[PDB]
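Colleague: This is the structure I want to talk about, given as C-alpha cells.
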Amino acid sequence: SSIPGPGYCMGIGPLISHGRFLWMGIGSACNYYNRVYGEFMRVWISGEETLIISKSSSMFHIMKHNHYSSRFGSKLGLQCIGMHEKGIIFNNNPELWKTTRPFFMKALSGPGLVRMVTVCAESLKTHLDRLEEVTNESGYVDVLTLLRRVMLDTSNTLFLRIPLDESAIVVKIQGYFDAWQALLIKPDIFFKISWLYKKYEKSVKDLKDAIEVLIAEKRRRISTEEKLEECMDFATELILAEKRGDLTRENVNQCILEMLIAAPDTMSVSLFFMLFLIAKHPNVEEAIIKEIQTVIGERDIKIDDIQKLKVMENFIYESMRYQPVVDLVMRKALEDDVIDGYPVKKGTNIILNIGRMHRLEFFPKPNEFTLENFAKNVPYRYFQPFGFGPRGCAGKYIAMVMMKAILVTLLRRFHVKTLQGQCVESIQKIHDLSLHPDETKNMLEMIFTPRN
Ligand code: HEM
Ligand SMILES: CCC#CCO[C@@H]1C[C@@H]2[C@H](CC[C@]3(C)C(=O)CC[C@@H]23)[C@@]2(C)C=CC(=O)C=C12
C-alpha cells in the first residue's frame, strides 16, 4: 500500500524530524506528525525508520503477536541510566527480558494484590495524620509530593520492606526520571560533549548508590533468618534467583530499582489528574461518595469491595482516557510483517499513540470528559490504557487497585479544592516521554477541607 510521511530529503529527511522530536518533546511530536499525515505514518529518529501509529486496528495487531515484545532507544542512553539489557521497562534482550518479566508478573498479582489494597490504605492513612509535611501556611497542600511519598512507601512495604528515608528518595527518583526522559533519544553525537550530560549522569548514580545501600541490608537480613518460605517478596525472589545461577547481581539491582520508581512515577501523576477532575466536577464527586457510603459506610477498606465500586471504576478510566499520563507506548518490530495492508521491515521502531487514538475512535463524546463514554461496556480493543499481551503493563491489575484504594480512603475524609481558575486543561504540561504537569510553575497545589 506504500508509506506516508515527509519527503526523505537525501540526508535531510531524518534530520528535520529527529531534531523536531528533540525541540518539540516526543509526546507532542507524534500528536503533531499524526495530524499532518495519516494515523499511520513514518519519521526518522536517529538513522532508523520509525512508524508512528494511532489506528486502533494497527495498535491491536502490534501488542498482540509476540514478535513485537521489545522497545527501542539510544543504546548509549539506556546504558547511562542502567536499563541497557538489564531492566524490564526498557530491557530489549528478548531472552533476558523473557526470563525477568516472570518475577514482576508474579509479585504484581495473586497473593500480593490482596495485601496491596490494605497496605495502600495504610500508607495514605498514616500520611494524612501528617499534613504538617505538605501544607503551606495558607493551607495549600502540595498534592504531588504527598502522592509520591505514600506511593513509594506503598511500593516499599510491598516489594522490599526496608526502613528508608522517604523524603530524600522521592526527589532522587524524580531526578532519575528526568534523566531517563532526556537521554532516551539523544543522538550519539550528544554523548561526546561530556560537559553537556554528566549533568544527568550524576543524579543517576545519586539514586543508584542510594539504593545499593538498601539491598546491601536486605541481603544480610536474608542470610540470618526465621526459615525462608515464610514471607516471599519481590526482593527475595530475586536475590535467591541470584543465589542460584539465574540472575546477574548487576541485573537484580536494576529490577529492585525499576520496581520502586515504577509506582511513584506513574501513579502519583495520574492521581493528581484525577484529584483535579473531581474538584472541577461537582456532581461526579457526589456519585462517588454515594457509591462509597452504600458499599462501605465507615468500614475499613478490603479486597472484596473493589468490584462493587463500579462508578469510581468508571471515573478512573475516563480520567485515563481524557487526561492520560502515559499516552504513547514504544515497541519495536522483530520479524517482518504486513500490518494494516502495509509493509513493515524488522528493526523498525513503533510509537503507538494511544492518547490520540482515544479521541479518534470508539467513544461517543471524545473531546469532553464525561462518565457517559463509559455507560456502554467498553471493548478493550478500542480502549487500551495499559496495553495487553506479552509485554503489556505488568502492573495493570494491581494498579487499578491502588488507585481505587487511595482515591477512596482520601475522598472519604476530605473535600477537594482546586486553586482559583485552575482545571486540568488550564495547567501547563511537559509532553515528552510521558504527559506530566510542569513543576517549574506554581498553582499545582490544592486545599483539603474536612467532611462530616
Ligand atoms: C496507573 C498507572 C499506570 C499506567 C498508566 C501504566 C501503563 C503502562 C504502559 C502503557 C506500559 C507499556 C507496556 C505496553 O507496551 O503495553 C507499561 C509498562 C510497564 N508497567 Fe505500567 N502502568 C501503570 C502502573 C504501573 C505500576 C503501578 C507498575 C509497577 C508496580 C507498572 C509497571 C510496569 C512495568 C514494569 C512495565 C514494562 C513492562 C515490560 O515491557 O516488561 N506499571 N505500563
Ligand atoms: C513522571 C511522569 C511519568 C510517567 C510514567 O511513564 C513512564 C514511561 C513509560 C513506562 C512504560 C513504557 C512506556 C509507556 C513507553 O514505551 C514510553 C514511555 C514508557 C512507564 C509507564 C513504566 C514504569 C515507570 O516507572 C515509568 C513509566
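The chains in the C-alpha cells are called A, B, ... from first to last as shown; in each chain the residues are counted from 1, and the ligands are counted from 1 in the order shown.
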So that I can see what lies close to range 376-382 of chain A, please list as a PyMOL selection string the residues with an atom at most 8 Å from it, counting only C-alpha atoms and leaving out residues fewer than 4 positions away in the same chain.
Modeller: chain A and resi 56+60+358+361-362+372
Colleague: Excluding range 223-231 of chain A and any residue of its chain fewer than 2 positions from it, enumerate the residues within 12 Å of it, using only C-alpha atoms, and give them as a count of residues only.
Modeller: 20
Colleague: Using only C-alpha atoms and all ligand atoms, what table do you get, as JSON lines, when you list each residue of chain A with an atom no more than 7 Å from ligand 2, its nearest pair of atoms, and their distance in Å rounded to one decimal, rows by chain then rising number?
Modeller:
{"residue": "A:71", "atom": "CA", "partner": "ligand 2", "partner_atom_place_in_ligand_line": "16 (O)", "distance": 6.4}
{"residue": "A:89", "atom": "CA", "partner": "ligand 2", "partner_atom_place_in_ligand_line": "11 (C)", "distance": 5.7}
{"residue": "A:177", "atom": "CA", "partner": "ligand 2", "partner_atom_place_in_ligand_line": "1 (C)", "distance": 6.3}
{"residue": "A:258", "atom": "CA", "partner": "ligand 2", "partner_atom_place_in_ligand_line": "25 (O)", "distance": 6.5}
{"residue": "A:261", "atom": "CA", "partner": "ligand 2", "partner_atom_place_in_ligand_line": "25 (O)", "distance": 5.1}
{"residue": "A:262", "atom": "CA", "partner": "ligand 2", "partner_atom_place_in_ligand_line": "25 (O)", "distance": 3.1}
{"residue": "A:263", "atom": "CA", "partner": "ligand 2", "partner_atom_place_in_ligand_line": "25 (O)", "distance": 6.0}
{"residue": "A:265", "atom": "CA", "partner": "ligand 2", "partner_atom_place_in_ligand_line": "1 (C)", "distance": 4.2}
{"residue": "A:266", "atom": "CA", "partner": "ligand 2", "partner_atom_place_in_ligand_line": "5 (C)", "distance": 4.1}
{"residue": "A:269", "atom": "CA", "partner": "ligand 2", "partner_atom_place_in_ligand_line": "2 (C)", "distance": 6.2}
{"residue": "A:325", "atom": "CA", "partner": "ligand 2", "partner_atom_place_in_ligand_line": "4 (C)", "distance": 6.3}
{"residue": "A:326", "atom": "CA", "partner": "ligand 2", "partner_atom_place_in_ligand_line": "6 (O)", "distance": 5.4}
{"residue": "A:328", "atom": "CA", "partner": "ligand 2", "partner_atom_place_in_ligand_line": "17 (C)", "distance": 5.6}
{"residue": "A:329", "atom": "CA", "partner": "ligand 2", "partner_atom_place_in_ligand_line": "16 (O)", "distance": 3.8}
{"residue": "A:330", "atom": "CA", "partner": "ligand 2", "partner_atom_place_in_ligand_line": "16 (O)", "distance": 3.7}
{"residue": "A:331", "atom": "CA", "partner": "ligand 2", "partner_atom_place_in_ligand_line": "16 (O)", "distance": 6.5}
{"residue": "A:433", "atom": "CA", "partner": "ligand 2", "partner_atom_place_in_ligand_line": "18 (C)", "distance": 5.3}
{"residue": "A:434", "atom": "CA", "partner": "ligand 2", "partner_atom_place_in_ligand_line": "6 (O)", "distance": 5.1}
{"residue": "A:435", "atom": "CA", "partner": "ligand 2", "partner_atom_place_in_ligand_line": "2 (C)", "distance": 6.7}
{"residue": "A:436", "atom": "CA", "partner": "ligand 2", "partner_atom_place_in_ligand_line": "2 (C)", "distance": 5.2}
Colleague: Taking into account only C-alpha atoms, which residue in the set A:62, A:55, A:7, A:250 is nearest to residue 388 in chain A?
Modeller: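 Answer, going by the shortest atom-to-atom distance: A:62.
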Colleague: Counting only C-alpha atoms and all ligand atoms, give me one row per residue of chain A with an atom at most 8 Å from an atom of ligand 1, showing the shortest contact pair and its distance in Å to one decimal, sorted by chain then residue number, as a Markdown table.
Modeller:
| residue | atom | partner | partner_atom_place_in_ligand_line | distance |
| --- | --- | --- | --- | --- |
| A:63 | CA | ligand 1 | 16 (O) | 6.6 |
| A:69 | CA | ligand 1 | 40 (O) | 7.2 |
| A:70 | CA | ligand 1 | 40 (O) | 7.1 |
| A:71 | CA | ligand 1 | 40 (O) | 7.6 |
| A:87 | CA | ligand 1 | 41 (O) | 8.0 |
| A:88 | CA | ligand 1 | 41 (O) | 4.3 |
| A:89 | CA | ligand 1 | 37 (C) | 3.6 |
| A:90 | CA | ligand 1 | 40 (O) | 6.6 |
| A:91 | CA | ligand 1 | 41 (O) | 7.1 |
| A:97 | CA | ligand 1 | 41 (O) | 7.0 |
| A:101 | CA | ligand 1 | 41 (O) | 5.7 |
| A:104 | CA | ligand 1 | 35 (C) | 6.7 |
| A:108 | CA | ligand 1 | 30 (C) | 6.6 |
| A:155 | CA | ligand 1 | 30 (C) | 7.1 |
| A:258 | CA | ligand 1 | 35 (C) | 6.8 |
| A:259 | CA | ligand 1 | 29 (C) | 5.9 |
| A:260 | CA | ligand 1 | 30 (C) | 7.5 |
| A:262 | CA | ligand 1 | 29 (C) | 4.7 |
| A:263 | CA | ligand 1 | 27 (C) | 4.2 |
| A:264 | CA | ligand 1 | 27 (C) | 7.9 |
| A:266 | CA | ligand 1 | 2 (C) | 5.0 |
| A:267 | CA | ligand 1 | 2 (C) | 4.7 |
| A:270 | CA | ligand 1 | 2 (C) | 6.5 |
| A:320 | CA | ligand 1 | 5 (C) | 7.3 |
| A:324 | CA | ligand 1 | 5 (C) | 7.3 |
| A:325 | CA | ligand 1 | 5 (C) | 6.1 |
| A:326 | CA | ligand 1 | 5 (C) | 5.3 |
| A:327 | CA | ligand 1 | 10 (C) | 7.2 |
| A:328 | CA | ligand 1 | 10 (C) | 6.9 |
| A:329 | CA | ligand 1 | 12 (C) | 5.4 |
| A:330 | CA | ligand 1 | 15 (O) | 6.5 |
| A:331 | CA | ligand 1 | 15 (O) | 6.3 |
| A:385 | CA | ligand 1 | 10 (C) | 5.9 |
| A:386 | CA | ligand 1 | 7 (C) | 4.2 |
| A:387 | CA | ligand 1 | 16 (O) | 3.4 |
| A:388 | CA | ligand 1 | 16 (O) | 5.4 |
| A:389 | CA | ligand 1 | 16 (O) | 7.5 |
| A:391 | CA | ligand 1 | 40 (O) | 4.6 |
| A:392 | CA | ligand 1 | 16 (O) | 3.4 |
| A:393 | CA | ligand 1 | 17 (C) | 3.8 |
| A:394 | CA | ligand 1 | 33 (C) | 4.7 |
| A:395 | CA | ligand 1 | 28 (C) | 4.0 |
| A:396 | CA | ligand 1 | 22 (N) | 5.7 |
| A:398 | CA | ligand 1 | 27 (C) | 6.6 |
| A:399 | CA | ligand 1 | 27 (C) | 4.6 |
| A:400 | CA | ligand 1 | 1 (C) | 6.3 |
| A:402 | CA | ligand 1 | 27 (C) | 7.9 |
| A:403 | CA | ligand 1 | 1 (C) | 7.2 |
Colleague: Residues within 12 Å of residue 157 in chain A, please, as a ChimeraX atom specification. Count only C-alpha atoms; anything in the same chain fewer than 5 positions from it doesn't count.
Modeller: /A:112,115-116,118-120,122-123,150-152,162-164,166,233-235,259-260
Colleague: Restricting the calculation to only C-alpha atoms, which member of A:30, A:252, A:292, A:53 is positioned closest to residue 339 in chain A?
Modeller: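 Of A:30, A:252, A:292, A:53, the one nearest residue 339 in chain A, counting only C-alpha atoms, is A:53.
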